[PDB]
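First comes the structure, then the notes that go with it.
Please treat every number below as a calculation from the coordinates, not as lab data. Note that each Cβ is placed from the backbone with ideal geometry, even for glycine, and that neighbours are counted across all protein chains shown.
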Amino acid sequence: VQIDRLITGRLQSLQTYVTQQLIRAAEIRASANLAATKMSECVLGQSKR
Amino acid sequence: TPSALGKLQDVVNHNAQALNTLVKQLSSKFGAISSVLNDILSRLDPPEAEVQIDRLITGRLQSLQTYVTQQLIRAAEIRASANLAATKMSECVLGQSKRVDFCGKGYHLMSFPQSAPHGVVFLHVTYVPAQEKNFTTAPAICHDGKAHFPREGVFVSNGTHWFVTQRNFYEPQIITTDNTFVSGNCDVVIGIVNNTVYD
Amino acid sequence: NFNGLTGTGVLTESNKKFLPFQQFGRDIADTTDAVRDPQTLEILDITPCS
Amino acid sequence: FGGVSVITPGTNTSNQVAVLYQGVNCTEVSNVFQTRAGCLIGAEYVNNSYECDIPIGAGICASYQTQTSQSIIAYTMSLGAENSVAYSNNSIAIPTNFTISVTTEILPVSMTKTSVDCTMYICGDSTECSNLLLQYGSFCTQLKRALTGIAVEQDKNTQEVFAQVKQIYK
Amino acid sequence: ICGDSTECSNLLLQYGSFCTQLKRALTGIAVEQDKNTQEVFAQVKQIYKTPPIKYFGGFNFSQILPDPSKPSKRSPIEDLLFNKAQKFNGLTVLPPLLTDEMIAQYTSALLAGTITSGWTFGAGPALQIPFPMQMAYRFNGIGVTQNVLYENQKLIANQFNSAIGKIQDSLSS
Amino acid sequence: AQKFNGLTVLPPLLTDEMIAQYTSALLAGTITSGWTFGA
Amino acid sequence: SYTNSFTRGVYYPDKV
């Protein structure tokens with residue numbers, strides 16, 4: 001009975017960590033796409049934006 | 001190359017895997033005697049059933065919430081990709097975009113949108129120069145008593161004479177007053193050569 | 001309730017080739033999708049209800 | 001402890017594989033080569049440099065290449081060809097020809113609009129299960145609203161990506 | 001989830017395929033970070049090198065160009081930015097595919113292409129062009145005529161060097 | 001119909017024929033007009 | 001003596 005509660009709590013904690021990592025990875029992907037576009041537009045050429 | 005449609009197949013595979021994992025999640029007992037509700041209701045007493053089925057209801061609700069969270073994250077990613085594709089279409093197909101690498105690698109010329117399963121394909125027409133040659137250049141030319149700068153072009157030299165050519169295609173043209181403009185004299189520009197500009 | 005197989009759905013006629021010893025059927029998601037009538041050696045196809 | 005990673009060059013090509021023990025110094029258990037990512041057992045380190053075919057880790061890359069019999073070799077990935085562009089104060093490169101190149105770009109637009117039955121997936125043909133599910137709160141309404149919003153979002157994406165023109169041209 | 005008990009794993013196998021989904025999500029995140037590092041820095045096809053004579057019209061790029069003294073082949077600014085068995089309970093930090101040396105070489109190739117070619121290396125073949133003639137054409141993209149540069153190249157190079165120095169000074173302070 | 005649990009798959013509003021017609025209209029505008037049809 | 005069982009020894013586990 002107690003090992004079930006322990007494994008449920010640990011699985012919930014790991015799932016919360018994975019969800020936070022997915023959100024942070026989406027944010028980092030957006031930032032990396034922005035950085036790649038900025039490099040391709042400012043270094044590889046003279047952007048007028 | 002069948003692996004060219006990477007993301008179009010990847011999104012379908014992710015959706016299929018999510019649906020399969022959500023369906024197979026009903027054959028696992030989340031702390032109960034079995035996964036079949038009928039077995040629990042016909043093999044036990046009412047008071048213990050209210051816990052033996054609450055375990056399964058909690059497990060299935062948590063699995064469904066996880067599925068919905070994953071679907072929301074993938075939908076946010078798909079919304080980002082769809083906004084990117086809409087901007088790509090509106091800037092490359094509906095116009096002549098000057099952003100580098102945006103409408104393909106090279107100088108953007110055209111783009112033709114095509115239908116695709118759960119996606120869109122762009123045929124970016126890019127202008128890529130080739131067969132380059134090394135020429136002798138100079139910032140400006142020095143006339144009898146004034147300097148001349150290239151208006152639209154670059155002062156190149158084949159070794160003996162001097163000509164003005166485009167920045168992306170070699171077209172030797174004589175240096176006349178219709179493609180230059182005078183600004184100052186030959187005392188401040190480093191590298192100015194002494195050539196004769198035709199009038 | 002065909003010989004213990006308790007399930008609800010639309011029993012149809014499918015052109016499935018069953019082995020002599022095989023009685024039940026299943027699919028990728030571990031769901032019964034074909035049964036054999038224990039009276040006549042025919043091939044049925046249990047499909048989900050509407 | 002660590003993690004086992006099996007490098008497979010494709011079953012259609014051959015069957016020789018190499019295992020990667022991430023986080024092992026080749027002391028806690030065929031060619032053996034210690035990489036910065038782990039102990040790669042089943043591949044030899046070649047001093048040459050090619051394109052990264054199979055990403056191993058920390059610059060190491062593996063590929064199924066013929067011995068200069070074929071075997072999985074390990075090497076440091078090359079970042080590209082070496083080009084020393086001659087920079088001079090009086091030298092310029094002007095192209096004389098051009099090659100129109102049409103490239104492709106694959107971009108997703110929408111996904112499969114799904115809508116689960118929250119009172120049927122969780123509880124089947126059980127009236128007792130629904131009576132207890134109604135007490136656990138209003139999570140079903142939130143999930144249904146989220147799925148409806150996702151469906152409307154996919155429809156809006158399909159409308160904004162393709163339906164950009166006002167009239168249909170022929 | 002289960003330290004060393006197999007009875008715990010026998011029960012974890014009953015909770016469903018949660019560990020599989022989490023491992024798949026982590027592998028996807030790792031591949032996504034690798035793809036980001038590849039698409040951000042590895043935009044050129046060939047690795048360009050700067051000539052030995054570093055007289056680029058009068059602009060001193062010594063603070064952004066890779067320094068050969070350090071064994072890392074990085075610039076003073078990169079060295080300043082970088083100065084400001086890994087198992088605990090099962091969590092392992094995987095090493096990136098591209099090391100710091102490879103990112104430094106990518107940045108050096110991008111800088112060499114921006115100095116020697118400027119913008120033609122990103123849209124096709126690397127076309128050599130002097131740096132003053134590159135700045136004269138970059139000025140034409142904002143409205144200022146090219147003669148202003150050919151008249152105030154010394155002042156522009158002085159201001160560029162001062163700004164490059166102040167960047168490092170502000171990053172240090 | 002491969003649901004088995006009630007997880008219905010809603011069909012998209014714009015079918016493949018409508019997306020094909022939109023792409024054909026975009027192509028016709030790019031060929032005949034080029035860029036003036038979008039502004 | 002001894003021999004090698006290459007890929008034989010597989011049966012139907014269930015009746016489905």
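Any idea which of B:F163, B:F169 is under 18 Å from B:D199 (Cα atoms) and touching a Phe, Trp or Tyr at 6+ places or on another chain (Cβ under 9 Å)?
Matching residue, one of B:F163, B:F169: B:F163.
Determine, yes or no, whether E:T50 is assigned to a helix (DSSP H, G or I) and of a type in the set (S, T, Y).
Working: assigned to a helix (DSSP H, G or I): no; of a type in the set (S, T, Y): yes.
Against the criterion (assigned to a helix (DSSP H, G or I) and of a type in the set (S, T, Y)), E:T50 does not qualify.
Tell me whether region B:165-176 contains one or more residues that are surrounded by fewer than 18 Cβ atoms within 10 Å (Cβ to Cβ) and either in contact with a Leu (Cβ under 8 Å, 6 or more places away or on another chain) or assigned to a strand (DSSP E or B) (or both).
Yes, because at least one residue in region B:165-176 is surrounded by fewer than 18 Cβ atoms within 10 Å (Cβ to Cβ) and either in contact with a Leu (Cβ under 8 Å, 6 or more places away or on another chain) or assigned to a strand (DSSP E or B) (or both).
Would you list the strands (runs of 3 or more DSSP E) that sit entirely within region D:1-60 and hold 1 or more residues that are under 16 Å from E:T99 (Cα atoms)?
Ranges flagged: D:38-41, D:54-57.
Suppose the filter is within 17 Å of A:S40 (Cα to Cα) and either facing chain F (nearest Cβ under 9 Å) or assigned to a helix (DSSP H, G or I) (or both); does B:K88 pass it?
Spelling it out, B:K88 is indeed within 17 Å of A:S40 (Cα to Cα) and either facing chain F (nearest Cβ under 9 Å) or assigned to a helix (DSSP H, G or I) (or both).
If we scan region B:151-159, do we find a residue that is closer than 28 Å to D:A86 by Cβ, of a type outside the set (G, A, S) and out of contact with any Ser or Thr (no Cβ under 7 Å at 6 or more places or on another chain)?
Looking through region B:151-159, at least one residue is closer than 28 Å to D:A86 by Cβ, of a type outside the set (G, A, S) and out of contact with any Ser or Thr (no Cβ under 7 Å at 6 or more places or on another chain).
So, of the residues in region B:104-137 that are facing another protein chain (nearest Cβ under 7 Å), of a type in the set (G, A, S) and part of a strand (DSSP E or B), which turns out to be surrounded by the fewest Cβ atoms within 10 Å (Cβ to Cβ)?
So, considering only residues that are facing another protein chain (nearest Cβ under 7 Å), of a type in the set (G, A, S) and part of a strand (DSSP E or B), the one surrounded by the fewest Cβ atoms within 10 Å (Cβ to Cβ) is B:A130.
Considering only region C:13-50, state which residues are within 8 Å of another protein chain (Cβ to nearest Cβ) and surrounded by 12 or more Cβ atoms within 10 Å (Cβ to Cβ).
Filtering region C:13-50 for residues within 8 Å of another protein chain (Cβ to nearest Cβ) gives C:21-26, C:28-31, C:47-48.
Selection gives C:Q22, C:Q23, C:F24, C:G25, C:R26, C:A29, C:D30, C:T31, C:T47, C:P48.
Go through region B:24-42 and give me each residue that's surrounded by fewer than 17 Cβ atoms within 10 Å (Cβ to Cβ) and either under 47 Å from the mean Cα position of the chain (by Cα) or assigned to a helix (DSSP H, G or I) (or both).
B:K24, B:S27, B:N38, B:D39, B:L41, B:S42
Restricting to region D:67-98, what's the tally of residues that are aliphatic (A, V, I, L, M) and under 30 Å from B:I192 (Cβ atoms)? Spell out the reasoning first.
Filtering region D:67-98 for residues aliphatic (A, V, I, L, M) gives D:72-74, D:77, D:79, D:81, D:85-86, D:92-94.
Then keep just the ones that are under 30 Å from B:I192 (Cβ atoms); that gives D:85-86, D:92-94.
Here the count works out to 5.
For region E:85-173, which fully contained helices (runs of 4 or more DSSP H) count at least 3 residues that are within 13 Å of chain A (Cβ to nearest Cβ), under 26 Å from the mean Cα position of the chain (by Cα) and crowded, with 21+ Cβ neighbours inside 10 Å?
Values: elements: E:100-116, E:131-139, E:147-172.
Passing ranges, in order: E:100-116.
Suppose we filter B:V189, B:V93 for residues that are at the interface with another protein chain (Cβ under 10 Å from one of its Cβ atoms), within 27 Å of the chain's Cα centre (by Cα) and either crowded, with 16+ Cβ neighbours inside 10 Å or not aliphatic (A, V, I, L, M) (or both); which single one remains?
Exactly one residue qualifies, and that residue is B:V93.
Here's the yes/no breakdown for (1) surrounded by 14 or more Cβ atoms within 10 Å (Cβ to Cβ); (2) in a loop (DSSP other than H, G, I, E, B); (3) touching a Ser or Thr at 6+ places or on another chain (Cβ under 8 Å):
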{"site": "B:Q9", "(1), (2), (3)": "yes, no, no"}
{"site": "B:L22", "(1), (2), (3)": "yes, no, yes"}
{"site": "B:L44", "(1), (2), (3)": "yes, yes, no"}
{"site": "B:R55", "(1), (2), (3)": "yes, no, no"}
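When you scan region E:21-42, do you find a residue that is within 7 Å of another protein chain (Cβ to nearest Cβ) and among the hydroxyl-bearing types (S, T, Y), even just one?
No: zero hits.
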